[PDB]
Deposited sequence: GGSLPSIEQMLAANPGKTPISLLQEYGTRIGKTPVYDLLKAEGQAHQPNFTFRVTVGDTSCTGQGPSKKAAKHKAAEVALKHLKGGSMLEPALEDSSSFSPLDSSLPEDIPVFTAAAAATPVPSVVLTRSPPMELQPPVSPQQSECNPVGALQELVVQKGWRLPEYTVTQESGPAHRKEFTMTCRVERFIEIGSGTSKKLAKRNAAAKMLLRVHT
């Protein structure tokens, strides 16, 4: 167990999780709760812009990012401080089609065990070339495999 909790102690004990999930764990000790408000949601489906605000007791702060996840993450990170007071897949497809080859293909060969810390290994396939990559999602794994493949097919 433990005693006399503090916001300085979480940074040494579990800084690996989001400040969103971590800031509410601190809220329970002080009786406060981090309320989340979306300040902004606009832009094209290629480079949009998001804003979050978090409120903990008599204080509130904001954060921003290219996604809903990145904007909420930065805002919780700012509250904690005051409480302490190109596409490789598309580039490869454009080459593979220009070289006269058949369209690229992707297949998973491996996966991690824990679902909360999932990982993937994916193979890229071209008319003569084959390469492998990995990532925290099947979409990220093919992106990594495409990045290594761009070095193989290109000369």
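Participant: Could you sort out which parts of the deposited sequence are absent from the coordinates (no C-alpha) and give them as ranges from 1?
Facilitator: That part of the chain that was deposited but carries no coordinates is 86-145, and nothing else.
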